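The data block below is input-v7.cif; it holds mmCIF, C-alpha atoms and all ligand atoms; chains and numbers go by the auth columns.
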data_structure
loop_
_atom_site.group_PDB
_atom_site.id
_atom_site.type_symbol
_atom_site.label_atom_id
_atom_site.label_comp_id
_atom_site.label_asym_id
_atom_site.label_seq_id
_atom_site.Cartn_x
_atom_site.Cartn_y
_atom_site.Cartn_z
_atom_site.B_iso_or_equiv
_atom_site.auth_seq_id
_atom_site.auth_asym_id
ATOM 1 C CA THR A 1 0.000 0.000 0.000 0.00 37 A
ATOM 2 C CA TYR A 2 1.329 3.401 -1.044 0.00 38 A
ATOM 3 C CA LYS A 3 0.126 6.978 -0.709 0.00 39 A
ATOM 4 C CA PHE A 4 0.387 10.141 -2.808 0.00 40 A
ATOM 5 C CA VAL A 5 1.598 13.269 -1.026 0.00 41 A
ATOM 6 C CA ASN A 6 1.374 15.910 -3.767 0.00 42 A
ATOM 7 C CA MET A 7 -1.080 14.627 -6.369 0.00 43 A
ATOM 8 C CA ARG A 8 -3.873 17.195 -5.962 0.00 44 A
ATOM 9 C CA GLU A 9 -5.345 19.214 -8.829 0.00 45 A
ATOM 10 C CA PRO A 10 -6.568 22.762 -8.071 0.00 46 A
ATOM 11 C CA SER A 11 -10.126 23.530 -9.119 0.00 47 A
ATOM 12 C CA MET A 12 -10.455 25.996 -11.991 0.00 48 A
ATOM 13 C CA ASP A 13 -13.900 27.440 -11.307 0.00 49 A
ATOM 14 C CA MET A 14 -14.259 31.173 -10.736 0.00 50 A
ATOM 15 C CA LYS A 15 -14.812 30.841 -6.984 0.00 51 A
ATOM 16 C CA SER A 16 -11.699 28.729 -6.359 0.00 52 A
ATOM 17 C CA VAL A 17 -9.563 31.027 -8.513 0.00 53 A
ATOM 18 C CA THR A 18 -10.924 33.995 -6.562 0.00 54 A
ATOM 19 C CA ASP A 19 -10.112 32.221 -3.288 0.00 55 A
ATOM 20 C CA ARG A 20 -6.517 31.633 -4.375 0.00 56 A
ATOM 21 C CA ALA A 21 -6.278 35.255 -5.534 0.00 57 A
ATOM 22 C CA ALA A 22 -7.552 36.426 -2.146 0.00 58 A
ATOM 23 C CA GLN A 23 -4.928 34.245 -0.482 0.00 59 A
ATOM 24 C CA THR A 24 -2.229 35.803 -2.668 0.00 60 A
ATOM 25 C CA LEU A 25 -3.347 39.403 -2.194 0.00 61 A
ATOM 26 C CA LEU A 26 -4.430 39.347 1.472 0.00 62 A
ATOM 27 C CA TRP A 27 -1.848 36.942 2.989 0.00 63 A
ATOM 28 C CA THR A 28 -4.252 34.529 4.657 0.00 64 A
ATOM 29 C CA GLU A 29 -1.825 31.670 5.331 0.00 65 A
ATOM 30 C CA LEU A 30 0.833 34.043 6.659 0.00 66 A
ATOM 31 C CA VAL A 31 -1.729 35.327 9.156 0.00 67 A
ATOM 32 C CA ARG A 32 -2.566 31.711 10.004 0.00 68 A
ATOM 33 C CA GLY A 33 1.072 30.976 10.841 0.00 69 A
ATOM 34 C CA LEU A 34 1.271 34.149 12.909 0.00 70 A
ATOM 35 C CA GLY A 35 -1.846 32.930 14.697 0.00 71 A
ATOM 36 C CA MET A 36 -0.297 29.600 15.616 0.00 72 A
ATOM 37 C CA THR A 37 2.813 31.310 16.968 0.00 73 A
ATOM 38 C CA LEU A 38 0.624 33.687 18.998 0.00 74 A
ATOM 39 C CA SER A 39 -1.444 30.837 20.417 0.00 75 A
ATOM 40 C CA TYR A 40 1.709 28.975 21.225 0.00 76 A
ATOM 41 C CA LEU A 41 3.124 31.912 23.209 0.00 77 A
ATOM 42 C CA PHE A 42 0.130 31.752 25.568 0.00 78 A
ATOM 43 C CA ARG A 43 0.963 28.340 27.043 0.00 79 A
ATOM 44 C CA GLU A 44 3.330 27.139 29.738 0.00 80 A
ATOM 45 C CA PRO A 45 7.027 26.889 28.812 0.00 81 A
ATOM 46 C CA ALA A 46 8.752 23.529 29.153 0.00 82 A
ATOM 47 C CA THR A 47 11.813 24.915 30.943 0.00 83 A
ATOM 48 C CA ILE A 48 12.829 23.450 34.293 0.00 84 A
ATOM 49 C CA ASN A 49 14.682 25.511 36.893 0.00 85 A
ATOM 50 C CA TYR A 50 18.113 23.930 36.919 0.00 86 A
ATOM 51 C CA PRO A 51 20.009 23.413 39.231 0.00 87 A
ATOM 52 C CA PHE A 52 17.106 23.644 41.674 0.00 88 A
ATOM 53 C CA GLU A 53 15.139 21.197 39.508 0.00 89 A
ATOM 54 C CA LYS A 54 16.611 18.149 37.796 0.00 90 A
ATOM 55 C CA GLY A 55 15.673 16.146 34.729 0.00 91 A
ATOM 56 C CA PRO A 56 14.122 12.724 35.261 0.00 92 A
ATOM 57 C CA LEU A 57 16.447 9.736 35.412 0.00 93 A
ATOM 58 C CA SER A 58 15.996 6.007 36.007 0.00 94 A
ATOM 59 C CA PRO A 59 17.677 3.225 38.005 0.00 95 A
ATOM 60 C CA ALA B 1 3.800 -19.435 43.837 0.00 3 B
ATOM 61 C CA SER B 2 4.356 -16.130 42.051 0.00 4 B
ATOM 62 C CA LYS B 3 3.494 -15.839 38.365 0.00 5 B
ATOM 63 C CA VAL B 4 5.147 -14.130 35.412 0.00 6 B
ATOM 64 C CA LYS B 5 5.059 -10.326 35.636 0.00 7 B
ATOM 65 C CA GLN B 6 6.469 -8.214 32.811 0.00 8 B
ATOM 66 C CA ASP B 7 5.541 -5.107 30.842 0.00 9 B
ATOM 67 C CA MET B 8 2.474 -5.927 28.737 0.00 10 B
ATOM 68 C CA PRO B 9 -0.360 -3.924 27.203 0.00 11 B
ATOM 69 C CA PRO B 10 -3.481 -3.756 29.374 0.00 12 B
ATOM 70 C CA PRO B 11 -6.221 -6.294 28.610 0.00 13 B
ATOM 71 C CA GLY B 12 -8.155 -5.217 25.550 0.00 14 B
ATOM 72 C CA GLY B 13 -5.202 -3.183 24.308 0.00 15 B
ATOM 73 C CA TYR B 14 -4.817 0.571 24.167 0.00 16 B
ATOM 74 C CA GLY B 15 -7.164 3.184 22.787 0.00 17 B
ATOM 75 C CA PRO B 16 -7.031 4.459 19.217 0.00 18 B
ATOM 76 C CA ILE B 17 -4.126 6.729 18.321 0.00 19 B
ATOM 77 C CA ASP B 18 -4.706 9.632 15.952 0.00 20 B
ATOM 78 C CA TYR B 19 -2.253 9.907 13.081 0.00 21 B
ATOM 79 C CA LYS B 20 -4.136 11.516 10.170 0.00 22 B
ATOM 80 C CA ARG B 21 -3.216 15.034 9.143 0.00 23 B
ATOM 81 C CA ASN B 22 -5.636 17.562 10.650 0.00 24 B
ATOM 82 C CA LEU B 23 -5.394 21.046 9.093 0.00 25 B
ATOM 83 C CA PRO B 24 -8.964 22.383 9.308 0.00 26 B
ATOM 84 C CA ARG B 25 -10.151 25.260 7.137 0.00 27 B
ATOM 85 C CA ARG B 26 -10.943 28.417 9.104 0.00 28 B
ATOM 86 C CA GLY B 27 -13.262 29.508 6.324 0.00 29 B
ATOM 87 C CA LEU B 28 -13.959 32.735 4.487 0.00 30 B
ATOM 88 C CA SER B 29 -14.631 33.044 0.769 0.00 31 B
ATOM 89 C CA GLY B 30 -12.450 35.275 -1.362 0.00 32 B
ATOM 90 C CA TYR B 31 -15.569 37.219 -2.303 0.00 33 B
ATOM 91 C CA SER B 32 -16.352 37.997 1.338 0.00 34 B
ATOM 92 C CA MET B 33 -12.788 39.048 2.158 0.00 35 B
ATOM 93 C CA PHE B 34 -12.590 41.308 -0.896 0.00 36 B
ATOM 94 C CA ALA B 35 -16.001 42.773 -0.050 0.00 37 B
ATOM 95 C CA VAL B 36 -14.930 43.541 3.523 0.00 38 B
ATOM 96 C CA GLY B 37 -11.799 45.243 2.211 0.00 39 B
ATOM 97 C CA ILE B 38 -13.723 47.328 -0.310 0.00 40 B
ATOM 98 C CA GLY B 39 -16.352 48.245 2.272 0.00 41 B
ATOM 99 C CA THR B 40 -13.828 49.514 4.788 0.00 42 B
ATOM 100 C CA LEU B 41 -12.106 51.434 1.983 0.00 43 B
ATOM 101 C CA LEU B 42 -15.409 53.085 1.043 0.00 44 B
ATOM 102 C CA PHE B 43 -16.151 53.989 4.659 0.00 45 B
ATOM 103 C CA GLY B 44 -12.711 55.557 5.020 0.00 46 B
ATOM 104 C CA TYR B 45 -13.166 57.498 1.786 0.00 47 B
ATOM 105 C CA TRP B 46 -16.513 58.891 2.944 0.00 48 B
ATOM 106 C CA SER B 47 -15.142 59.909 6.344 0.00 49 B
ATOM 107 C CA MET B 48 -12.143 61.621 4.754 0.00 50 B
ATOM 108 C CA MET B 49 -14.457 63.387 2.302 0.00 51 B
ATOM 109 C CA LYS B 50 -16.474 64.981 5.086 0.00 52 B
ATOM 110 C CA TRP B 51 -13.459 65.800 7.261 0.00 53 B
ATOM 111 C CA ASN B 52 -11.439 67.365 4.439 0.00 54 B
ATOM 112 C CA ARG B 53 -14.376 69.518 3.350 0.00 55 B
ATOM 113 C CA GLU B 54 -14.684 70.742 6.939 0.00 56 B
ATOM 114 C CA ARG B 55 -10.939 71.435 6.955 0.00 57 B
ATOM 115 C CA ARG B 56 -11.263 73.491 3.766 0.00 58 B
ATOM 116 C CA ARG B 57 -13.986 75.580 5.404 0.00 59 B
ATOM 117 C CA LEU B 58 -11.836 76.092 8.515 0.00 60 B
ATOM 118 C CA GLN B 59 -8.885 77.176 6.371 0.00 61 B
ATOM 119 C CA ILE B 60 -11.093 79.650 4.508 0.00 62 B
ATOM 120 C CA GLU B 61 -12.194 81.093 7.855 0.00 63 B
ATOM 121 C CA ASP B 62 -8.579 81.520 8.976 0.00 64 B
ATOM 122 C CA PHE B 63 -7.711 83.158 5.649 0.00 65 B
ATOM 123 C CA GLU B 64 -10.608 85.577 6.113 0.00 66 B
ATOM 124 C CA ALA B 65 -9.306 86.555 9.545 0.00 67 B
ATOM 125 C CA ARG B 66 -5.864 87.186 8.052 0.00 68 B
ATOM 126 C CA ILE B 67 -7.372 89.275 5.243 0.00 69 B
ATOM 127 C CA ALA B 68 -9.291 91.360 7.777 0.00 70 B
ATOM 128 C CA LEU B 69 -6.106 91.946 9.774 0.00 71 B
ATOM 129 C CA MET B 70 -3.846 92.795 6.808 0.00 72 B
ATOM 130 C CA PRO B 71 -4.475 96.575 6.383 0.00 73 B
HETATM 131 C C1 LIG C . -13.211 50.260 -5.951 0.00 101 A
HETATM 132 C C2 LIG C . -11.862 50.971 -5.875 0.00 101 A
HETATM 133 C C3 LIG C . -10.999 50.460 -4.729 0.00 101 A
HETATM 134 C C4 LIG C . -9.540 50.889 -4.870 0.00 101 A
HETATM 135 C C5 LIG C . -8.618 49.708 -5.162 0.00 101 A
HETATM 136 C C6 LIG C . -8.417 48.808 -3.946 0.00 101 A
HETATM 137 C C7 LIG C . -8.332 47.325 -4.324 0.00 101 A
HETATM 138 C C8 LIG C . -7.343 46.558 -3.446 0.00 101 A
HETATM 139 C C9 LIG C . -7.333 45.062 -3.761 0.00 101 A
HETATM 140 C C10 LIG C . -5.923 44.473 -3.755 0.00 101 A
HETATM 141 C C11 LIG C . -5.029 45.142 -2.714 0.00 101 A
HETATM 142 C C12 LIG C . -4.055 44.159 -2.074 0.00 101 A
HETATM 143 C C13 LIG C . -2.627 44.697 -2.062 0.00 101 A
HETATM 144 C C14 LIG C . -1.966 44.520 -0.696 0.00 101 A
HETATM 145 C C15 LIG C . -0.539 43.990 -0.834 0.00 101 A
HETATM 146 C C16 LIG C . -0.436 42.991 -1.989 0.00 101 A
HETATM 147 C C17 LIG C . 1.013 42.604 -2.285 0.00 101 A
HETATM 148 C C18 LIG C . 1.138 41.099 -2.508 0.00 101 A
HETATM 149 O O1 LIG C . 0.161 40.438 -2.529 0.00 101 A
HETATM 150 O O2 LIG C . 2.401 40.523 -2.694 0.00 101 A
HETATM 151 C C19 LIG C . 2.458 39.146 -2.464 0.00 101 A
HETATM 152 C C20 LIG C . 3.666 38.818 -1.593 0.00 101 A
HETATM 153 O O3 LIG C . 3.479 39.365 -0.320 0.00 101 A
HETATM 154 C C21 LIG C . 4.194 38.682 0.666 0.00 101 A
HETATM 155 O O4 LIG C . 4.132 37.505 0.718 0.00 101 A
HETATM 156 C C22 LIG C . 5.069 39.437 1.666 0.00 101 A
HETATM 157 C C23 LIG C . 5.097 38.746 3.030 0.00 101 A
HETATM 158 C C24 LIG C . 6.447 38.882 3.740 0.00 101 A
HETATM 159 C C25 LIG C . 6.389 38.337 5.169 0.00 101 A
HETATM 160 C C26 LIG C . 5.776 39.344 6.143 0.00 101 A
HETATM 161 C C27 LIG C . 4.557 38.779 6.872 0.00 101 A
HETATM 162 C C28 LIG C . 3.521 39.868 7.138 0.00 101 A
HETATM 163 C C29 LIG C . 2.125 39.293 7.356 0.00 101 A
HETATM 164 C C30 LIG C . 1.600 39.609 8.748 0.00 101 A
HETATM 165 C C31 LIG C . 0.639 40.791 8.749 0.00 101 A
HETATM 166 C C32 LIG C . 1.284 42.082 8.268 0.00 101 A
HETATM 167 C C33 LIG C . 0.425 43.302 8.574 0.00 101 A
HETATM 168 C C34 LIG C . 0.593 44.407 7.536 0.00 101 A
HETATM 169 C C35 LIG C . -0.198 45.663 7.885 0.00 101 A
HETATM 170 C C36 LIG C . 0.406 46.441 9.052 0.00 101 A
HETATM 171 C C37 LIG C . -0.263 47.802 9.230 0.00 101 A
HETATM 172 C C38 LIG C . 0.681 48.852 9.809 0.00 101 A
HETATM 173 C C39 LIG C . 2.501 38.435 -3.818 0.00 101 A
HETATM 174 O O5 LIG C . 3.717 37.758 -4.003 0.00 101 A
HETATM 175 P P1 LIG C . 3.655 36.141 -4.310 0.00 101 A
HETATM 176 O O6 LIG C . 2.510 35.537 -3.543 0.00 101 A
HETATM 177 O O7 LIG C . 4.942 35.493 -3.872 0.00 101 A
HETATM 178 O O8 LIG C . 3.428 35.885 -5.925 0.00 101 A
HETATM 179 C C40 LIG C . 3.641 36.949 -6.816 0.00 101 A
HETATM 180 C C41 LIG C . 3.996 36.368 -8.188 0.00 101 A
HETATM 181 N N1 LIG C . 2.804 35.900 -8.871 0.00 101 A
#
If you took the structure in this file and wrote it as structure tokens, what would it be?
Amino acid sequence: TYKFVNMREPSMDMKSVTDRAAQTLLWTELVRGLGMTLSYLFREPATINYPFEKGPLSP
Amino acid sequence: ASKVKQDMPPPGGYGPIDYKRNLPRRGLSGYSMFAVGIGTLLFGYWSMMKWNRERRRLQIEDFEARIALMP
């Protein structure tokens, strides 16, 4: 069993072309990436307070 | 006495594990985005129209005061 990663064909109707043009001219995906980075700032950092805290070890 | 005890999955196995790509579409048509842009442009144009006409009238008033004071 195998999969295709990049075998999609963009639709050529007027609405889809207009959507792609709006993406080009208004930077929708750039704003989406900015939005993920913003959301990701508002969560707890993963940093521990060495040397007062120590990483987990095992026997 | 004691029986075998080693790391095993729990009876019935584990729950399902998500692996499919999940990139949902936030959703707004190009028509709607362009219309919002054009609408805010039109509102700004109208507001600037009224404000700049008022500014012209104010400038004419100031010029009249200067003309009255000139002699
Ligand atoms: C009825 C009369 C109305 C009067 C006319 C008005 C109509 C306006 C409709 C269109 C206006 C849109 C123009 C705005 C800018 C467009 C420029 C543009 O789209 O360029 C992009 C490129 O733009 C970029 O990608 C630059 C991004 C660089 C990274 C910076 C990220 C910034 C995004 C975060 C938000 C930024 C906020 C900006 C506003 C700040 C306000 C102070 C195209 O390049 P490509 O997609 O690579 O392809 C071109 C070859 N075919």
_On this structure, the PyMOL selection byres (((not hetatm)) within 8 of (chain A and resi 101)) would catch which residues? List them as JSON, numbers by chain, sorted by chain and number._
{"A": [60, 61, 62, 63, 66, 67, 70], "B": [36, 39, 40, 43, 44]}
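Running the PyMOL selection byres ((chain B) within 8 of (chain A and not hetatm)) on this file leaves residues 31, 32, 33, 35 and 36 of chain B selected.
Going from atom CA of residue A:42 over to atom CA of residue B:23, you cover 13.7 Å.
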*Could you tell me how far atom CA of residue B:22 lies from atom CA of residue A:43, in Å and to one decimal?*
17.1 Å
